[PDB]
């Protein structure tokens, strides 16, 4: 419980108590990290602040950061620079697609919905990484979250599957860029989580996954702790599956 003592991380994408980003924040905090939170729009401001206040110790910076807004993204990380000087990593937990696109067949995905999903779910990793390297002057890790659907076809995941493929390739090209500056870039591929016919999917995982159970936010958060720590200093461009083993199944 001291792996990350003295270190500061930006956690993006907390929306409520069940957010994977909130699982990650709690694990990082338990490992001794200081945290900075961003929130998407004003509607989420109170949730993120309330959750951030439940963390014992120094009270956390909570800033608005729309990752489709280049001016705001830059201002946000300038503010972080002025408030703490140096950060040691970023947790990118941001994704979106229109429900209509996810509901239909993939071939009926709208052009605007495709580009929206790409912009928010894939390009934002790069936009964030570009700002992050300005304040990650001692190196560290950038983490993103992905899903099996970016690798192989998962029912109803459609346009988000293609955006996650884009996200996973971005992880590799970013890793290749930033490594020379001491910065690692990694993904966690999370299995479906009960909190977050969803139930028949959960049942199928409990039945067929090697560990015979579904994933938790805390399992993802604890793998995030490893990736952010010095223990993982040899690991970059990697996608770790925290999914009770489901990914190995044919």
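Under this definition, the rigid core comprises the largest set of C-alpha atoms superposing within 1.5 Å between the forms. Positions refer to the first chain, counted from 1.
Here the rigid core sets the fit, and in 5 other deposited structures of this protein the C-alphas of 118 to 126 stray farther than those of the other stretch, out of 118 to 126 and 75 to 83.
In 5 other deposited structures of this protein, superposed by the rigid core, the C-alpha atoms of 187 to 195 lie farther from the shown form than the other of 187 to 195 and 49 to 57. Compared against other deposited entries of this protein, residue 143 counts as consistently modelled, with coordinates in all of those that resolve the residues around it and thus below the third mark. Compared against other deposited entries of this protein, residue 177 counts as consistently modelled, with coordinates in all of those that resolve the residues around it and thus below the third mark. Unmodelled stretch separating residue 196 from residue 197: 4 to 9 residues (count of deposited-sequence residues without coordinates). The stretch with the higher mean CA B factor, choosing between 27 to 35 and 53 to 61, is 53 to 61. The stretch with the higher mean CA B factor, choosing between 159 to 167 and 108 to 116, is 108 to 116. By the numbers in the PDB entry, the CA B factor is greatest at 99 among 130, 92, 81, 99. Remark: of 144, 141, 137, 74, 137 shows the highest value [criterion: C-alpha B-factor in the PDB entry]. Split the chain's modelled residues into thirds by C-alpha temperature factor. Residue 20 is in the middle one. Among the modelled residues of its chain, residue 192 has a C-alpha B-factor that falls in the highest third, as given in the PDB entry. Annotation for residue 214: CA B-factor lies in the middle third of the chain's modelled residues.
Remark: residue 223 belongs to the lowest third of its chain, ranked by C-alpha B-factor as recorded. Among the modelled residues of its chain, residue 67 has a C-alpha B-factor that falls in the middle third, as given in the PDB entry.
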